[PDB]
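Note that we place each Cβ from the backbone using ideal geometry, even for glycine, and neighbour counts take in every protein chain shown. None of the figures in this text is laboratory data; all of them are computed from the coordinates on show.
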Amino acid sequence: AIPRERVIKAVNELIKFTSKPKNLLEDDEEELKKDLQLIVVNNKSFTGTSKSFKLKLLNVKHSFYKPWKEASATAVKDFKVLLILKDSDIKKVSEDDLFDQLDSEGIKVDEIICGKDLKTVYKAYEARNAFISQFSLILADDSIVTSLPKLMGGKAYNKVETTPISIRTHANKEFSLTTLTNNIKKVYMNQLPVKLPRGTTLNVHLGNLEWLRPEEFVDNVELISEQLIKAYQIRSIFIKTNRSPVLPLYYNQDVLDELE
Amino acid sequence: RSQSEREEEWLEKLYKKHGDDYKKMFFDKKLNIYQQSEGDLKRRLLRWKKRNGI
Amino acid sequence: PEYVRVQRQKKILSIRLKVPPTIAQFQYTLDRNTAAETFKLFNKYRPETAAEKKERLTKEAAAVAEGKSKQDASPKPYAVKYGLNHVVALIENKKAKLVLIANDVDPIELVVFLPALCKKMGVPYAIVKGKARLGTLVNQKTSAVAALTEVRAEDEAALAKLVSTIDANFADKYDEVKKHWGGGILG
Amino acid sequence: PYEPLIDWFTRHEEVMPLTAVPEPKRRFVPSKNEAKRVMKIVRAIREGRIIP
Amino acid sequence: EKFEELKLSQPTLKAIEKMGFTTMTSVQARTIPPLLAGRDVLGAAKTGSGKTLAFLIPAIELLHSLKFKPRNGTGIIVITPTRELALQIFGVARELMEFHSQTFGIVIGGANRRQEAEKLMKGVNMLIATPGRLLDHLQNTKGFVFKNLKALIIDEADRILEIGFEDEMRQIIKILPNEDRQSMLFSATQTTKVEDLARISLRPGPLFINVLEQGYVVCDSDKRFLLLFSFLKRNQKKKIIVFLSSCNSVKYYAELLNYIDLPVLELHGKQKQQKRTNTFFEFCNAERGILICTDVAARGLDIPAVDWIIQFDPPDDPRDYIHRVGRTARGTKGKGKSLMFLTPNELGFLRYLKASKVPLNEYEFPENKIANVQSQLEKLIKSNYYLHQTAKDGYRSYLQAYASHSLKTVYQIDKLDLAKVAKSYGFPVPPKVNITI
């Protein structure tokens, strides 16, 4: 596996790093950047030789969306939850139907949007980018997911929050509200998004240090990393703040022998 | 002078949605679409209560 | 006949004589494609007819007659605005996002202040050609005015570029020649 | 003679309306007179004078 | 002593009970037996000691002892420099006169003239007014019952003189009767030209009782309320008091931010004073709270050691603001960081800050971090009639507050883009307010 002890060493090093200190009233976005964890994976041929806008949802022990939301109440940008559903789906599903299910576990859908609404109400780059930039959590039906990228705009596919997440209301022939109900729970608190770019570089976003426990950070990182090792042949792992330099934790030197 | 059945039913919906408080039901969008006056709400509810439901 | 003789002798005695510059701002009007897209815009915002109105009334009234009080929800009606005093009324707030002005009105003096009034109020007016084409988009015989205020979010971006299009095509092209005395050349 | 028209008064633009007329209530809520016509039709259908 | 000990009519007793007053402040406890005795007086007292109520009680005693009709006279006349202080004195006086039978009114330059005219035609048994508009109403309004003058008071003759209304005051007193009139006046300090008006006014011989960096944030006038909202969200769980000018904007901003569900306490002259006391008590004991208030309602009461002083609106007295930040620093061992919003027309205030010689810190603004709720604001104002009217009222009272401002060299209405001000309030088109521009 991976020496958890070394991960605790590195995260305490990063806590000490971010603990190092006419000023702004409203704080710098860069100051918010220099507090956040990003996982970086060197791995052989992370392309599928093709663009992959589909996000892999990794099973994670802890859920950073709740400390996200709790700090987002204090923060300027407010955490919002977007679902994009079919026309008949929105005709059937109502909002209190969602809200009653989500107050059970204490979360909230902000909005639900049809593809019609994407293709006529926000068929304008300014309004569409402004509407997308409000949101952190974007969900979409798996049927609509492969219809999205003409409607969403590539500016939505640039960032990690702005790109949508595959989610399914169906389990049988028709959809069930139970499936969407527990499925938003699965995608919310038990899974984390993964962009899949080209090259040998993978960037995985974890989150601000102030949100979670550092050993809980270590547990989530080691779980994700074992999931990645079992997934892909991996050259190396550097985790860091996007202001900070890298931190080498784990690497496999024989992967590069096995490529060719 | 009694009350009409639709609007007393409307008041009955408001009485169960908010209860008795008026600042919440004043800023209610659904079932206060005419945006009734703060105290007209009180007057109609007191007339409705004296009519029915104490 | 007499009336054919007069309607041919009309527009001769006008152009033969010097027209004041507060007239002949009319017929310095909007070109072909821009008026076409303006009509494509306003046919998206046709007002409800009396038949469609009464039909929706009968639907909701049969709903309440069953009762079957379905919900209490409707966003707003959006439509063009077409009453002349109502059009002027939507200015001096201001509320008029676009105004179309017919060139041909037989009491012209009903209309003559409206370009200067939207000029000083900064309202994006445009002089349209033919009040019958205004009446068609508003279910009247003629209308002679056409104000539009409220627009859905699907159409709001089209609105702004149409405004910029008109201010490029009308306010830039015809502004100085608006000041000049038209006509005066004999027939 | 003739001379082009002076636009001394147009070129200053009013940033505000003329009148400080307070906005009415009925511009914001669903239309009342509509609803009175609705209840008229409801009373006619309750008497059966209008068929659904 | 106590207010409830002294000889009073029973509706005044009910009034004092409902305003929460039982005890007396010492200087007002001194001046009240001459206030009942019928002598003229001048007085040095701090702004906001309750010195409004100090004259309010025996004035209503005089109106109770005379019992005259609304057609009969005006009697009690109140001269006060600031429109804001006029509204505060009026809002305190409303419930007092409400348990009483007589009549209460407002004369303010910047109000609707036919409104004030019709109220004068009906007659008003207690007038509260600004000095400038009084010459207009005395010289111009016909049939107004002027000949009585049971009494008259001046408040803060320093501020009348510092504005410069004293010649208007001389013309007023030359219009005023003297023999029926008694004159009472409060001014914390005094000058010679104050005493010259005092020698004209005070009809008997009177006995009188005498007892650091700043933040500055230059913002455009549209985005300043948005930036206030953003900074208030970022500094949530920190108690902060915001200083305003107009009570309407106080009530409107409080209702707005409560509609955006972040917890906000309001504090203004239209607030009932027992409720006002409740809000101040809850702010002081809650210690993490948002307090919205005017300048002079904040002046009227001592301030807990706060995380931030934020001043949104222009000041009533900038000199008192310079003394107030100094006494705030020297009184509070806990650090209270002071900031004022600025508009790019207002930078001359800065050089008056450079006249104050206290240091200054510019606090910068990122255009990226903008809360972007202004579209939601405009959709809300197009939705809610009630919020629409309160927004228009905050806008109206804001512009009339600029109209009532003294330092024209710091504030000109001609400088201001009212389109941006309306967009800050949330109007795409500025509503018409009948203001001389």
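Has segment C:62-80 got any residue that is in contact with a strand residue (DSSP E or B) (Cβ under 8 Å, 6 or more places away or on another chain) and either part of a loop (DSSP other than H, G, I, E, B) or away from chain D (no Cβ under 11 Å) (or both)? It would help to see each step written out before you state the result.
If we filter segment C:62-80 for residues that are in contact with a strand residue (DSSP E or B) (Cβ under 8 Å, 6 or more places away or on another chain), which is where we start, we get C:80.
From what's left, either part of a loop (DSSP other than H, G, I, E, B) or away from chain D (no Cβ under 11 Å) (or both): C:80.
Yes, the conditions are met somewhere in segment C:62-80.
Just to confirm my filter: which strands (runs of 3 or more DSSP E) fall fully inside segment E:52-140 and include at least 3 residues that are of a type in the set (A, V, I, L, M, F, W, C)? Can you show your working first?
Values: elements: E:76-79, E:105-107, E:126-129.
Ranges flagged: E:76-79, E:126-129.
Do you know which residues across segment A:11-29 are away from chain E (no Cβ under 14 Å), surrounded by fewer than 17 Cβ atoms within 10 Å (Cβ to Cβ) and under 23 Å from the mean Cα position of the chain (by Cα)?
Once the filter is applied, which keeps residues that are away from chain E (no Cβ under 14 Å), surrounded by fewer than 17 Cβ atoms within 10 Å (Cβ to Cβ) and under 23 Å from the mean Cα position of the chain (by Cα), segment A:11-29 yields only A:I15.
Give segment C:105-133 a look and list any residue that's under 20 Å from C:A36 (Cβ atoms), aliphatic (A, V, I, L, M) and out of contact with any helix residue (DSSP H, G or I) (no Cβ under 9 Å at 6 or more places or on another chain), or say none. Steps first, please.
Narrowing segment C:105-133 to residues under 20 Å from C:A36 (Cβ atoms): C:124-133.
Subsequent filtering for residues that are aliphatic (A, V, I, L, M) retains C:126-128, C:132.
Scanning segment C:105-133 gives a single hit, C:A132.
One residue is enough: does segment A:121-131 have a residue meeting the conditions under 25 Å from E:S375 (Cα atoms), surrounded by 17 or more Cβ atoms within 10 Å (Cβ to Cβ) and among the charged types (D, E, K, R)?
Looking only at segment A:121-131, we keep the residues that are under 25 Å from E:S375 (Cα atoms), and these are A:121-131.
Right, trim to surrounded by 17 or more Cβ atoms within 10 Å (Cβ to Cβ) and you get A:121-122, A:124, A:128, A:131.
Filter again for among the charged types (D, E, K, R), leaving A:128.
Yes, segment A:121-131 has at least one match.
Got a sec? Which of A:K159, A:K173, A:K240 is exposed (fewer than 14 other Cβ atoms within 10 Å of the Cβ) and within 20 Å of the chain's Cα centre (by Cα)?
Numbers: A:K173 fails: within 20 Å of the chain's Cα centre (by Cα); A:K240 fails: exposed (fewer than 14 other Cβ atoms within 10 Å of the Cβ).
Answer to the check: A:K159.
Can you find a residue that is acidic (D, E) and within 9 Å of another protein chain (Cβ to nearest Cβ) anywhere in segment B:15-34? Break it down stepwise before answering.
Looking only at segment B:15-34, we keep the residues that are acidic (D, E), and these are B:20-21, B:28.
With within 9 Å of another protein chain (Cβ to nearest Cβ) added as a condition, the list becomes none.
For segment B:15-34, residues acidic (D, E) and within 9 Å of another protein chain (Cβ to nearest Cβ): absent.
So which residues in segment C:1-51 are closer than 17 Å to C:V99 by Cβ and outside any loop (DSSP other than H, G, I, E, B), if there are any at all?
Listed by number, the residues that qualify are C:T34, C:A35, C:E37, C:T38, C:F39, C:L41, C:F42.
Conditions first: (1) more than 27 Å from C:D175 (Cβ to Cβ); (2) crowded, with 17+ Cβ neighbours inside 10 Å. C:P124 passes all but one, so which condition is the exception?
With (1) more than 27 Å from C:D175 (Cβ to Cβ); (2) crowded, with 17+ Cβ neighbours inside 10 Å applied to C:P124, the lone miss is (1).
Restricting to segment A:204-260, and then to whatever is of a type in the set (S, T, N, Q) and assigned to a helix (DSSP H, G or I), can you tell me which residue is nearest to A:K69 (Cα to Cα)?
So, considering only residues that are of a type in the set (S, T, N, Q) and assigned to a helix (DSSP H, G or I), the one nearest to A:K69 (Cα to Cα) is A:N220.
When the residues of segment E:248-286 are filtered to those that are basic (K, R) and not in a helix (DSSP H, G or I), which remaining residue is farthest from E:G91 (Cα to Cα)?
E:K272
Looking at the structure I just gave you, is A:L32 crowded, with 17+ Cβ neighbours inside 10 Å, within 14 Å of chain E (Cβ to nearest Cβ), farther than 30 Å from A:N183 by Cβ and of a type in the set (A, V, I, L, M)?
Values: crowded, with 17+ Cβ neighbours inside 10 Å: no; within 14 Å of chain E (Cβ to nearest Cβ): yes; farther than 30 Å from A:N183 by Cβ: yes; of a type in the set (A, V, I, L, M): yes.
No, not satisfied.
Exactly one condition in (1) within 14 Å of chain A (Cβ to nearest Cβ); (2) among the hydroxyl-bearing types (S, T, Y); (3) more than 30 Å from E:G336 (Cβ to Cβ) is false for E:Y216; which is it?
Going through (1) within 14 Å of chain A (Cβ to nearest Cβ); (2) among the hydroxyl-bearing types (S, T, Y); (3) more than 30 Å from E:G336 (Cβ to Cβ) one by one, E:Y216 breaks only (3).
Could you check segment A:44-62 and list, in sequence order, the residues that are under 20 Å from A:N182 (Cα atoms) and surrounded by fewer than 17 Cβ atoms within 10 Å (Cβ to Cβ)? Steps first, please.
Residues of segment A:44-62 that are under 20 Å from A:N182 (Cα atoms), as a first pass: A:55-62.
Matches in segment A:44-62: A:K56, A:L57, A:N59, A:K61.
Can you list the helices (runs of 4 or more DSSP H) found entirely within segment A:64-150 that contain at least 3 residues being closer than 19 Å to A:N183 by Cβ, of a type in the set (A, V, I, L, M, F, W, C) and away from chain C (no Cβ under 14 Å)? Can you show your working first?
Values: elements: A:65-74, A:87-92, A:95-105, A:115-120, A:125-133, A:142-145.
Passing ranges, in order: A:95-105.
Say we look at segment D:7-25 and pick out the residues that are at the interface with chain C (Cβ under 8 Å from one of its Cβ atoms) and of a type outside the set (F, W, Y); which of these is farthest from E:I435 (Cα to Cα)? Can you show your working first?
Filtering segment D:7-25 for residues at the interface with chain C (Cβ under 8 Å from one of its Cβ atoms) gives D:7, D:9-10, D:12-14, D:17-19.
Applying the additional criterion that residues be of a type outside the set (F, W, Y) yields D:7, D:10, D:12-14, D:17-19.
Values: D:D7: 26, D:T10: 21, D:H12: 18, D:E13: 17, D:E14: 14, D:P17: 12, D:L18: 11, D:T19: 12 Å.
In this case the residue turns out to be D:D7.
On the given criteria, is C:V87 touching a strand residue (DSSP E or B) at 6+ places or on another chain (Cβ under 8 Å), under 24 Å from C:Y174 (Cα atoms), away from every other protein chain (no Cβ under 14 Å) and in a helix (DSSP H, G or I)? Can you show your working first?
Numbers: touching a strand residue (DSSP E or B) at 6+ places or on another chain (Cβ under 8 Å): yes; under 24 Å from C:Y174 (Cα atoms): yes; away from every other protein chain (no Cβ under 14 Å): yes; in a helix (DSSP H, G or I): yes.
Criteria met by C:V87.
Name the helices (runs of 4 or more DSSP H) wholly inside chain B in which the number of residues that are aliphatic (A, V, I, L, M) is 2 or more.
Numbers: elements: B:5-17, B:23-26, B:40-51.
So the answer is B:5-17, B:40-51.
Identify the single condition in (1) over 21 Å from E:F365 (Cβ atoms); (2) surrounded by 20 or more Cβ atoms within 10 Å (Cβ to Cβ); (3) out of contact with any strand residue (DSSP E or B) (no Cβ under 7 Å at 6 or more places or on another chain) that E:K270 does not satisfy, given that it satisfies every other one.
Single failed check for E:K270: (2).
Can you confirm whether E:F208 is more than 14 Å from chain A (Cβ to nearest Cβ), among the hydrophobic types (A, V, I, L, M, F, W, C), surrounded by fewer than 22 Cβ atoms within 10 Å (Cβ to Cβ) and over 25 Å from E:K423 (Cα atoms)? Don't jump to the end; show me each part of the working.
On the way: more than 14 Å from chain A (Cβ to nearest Cβ): yes; among the hydrophobic types (A, V, I, L, M, F, W, C): yes; surrounded by fewer than 22 Cβ atoms within 10 Å (Cβ to Cβ): yes; over 25 Å from E:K423 (Cα atoms): yes.
Answer is yes for this residue.
Sort out which residues of segment E:296-321 are closer than 16 Å to E:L228 by Cβ and charged (D, E, K, R), and write them in order of number.
E:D307, E:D313
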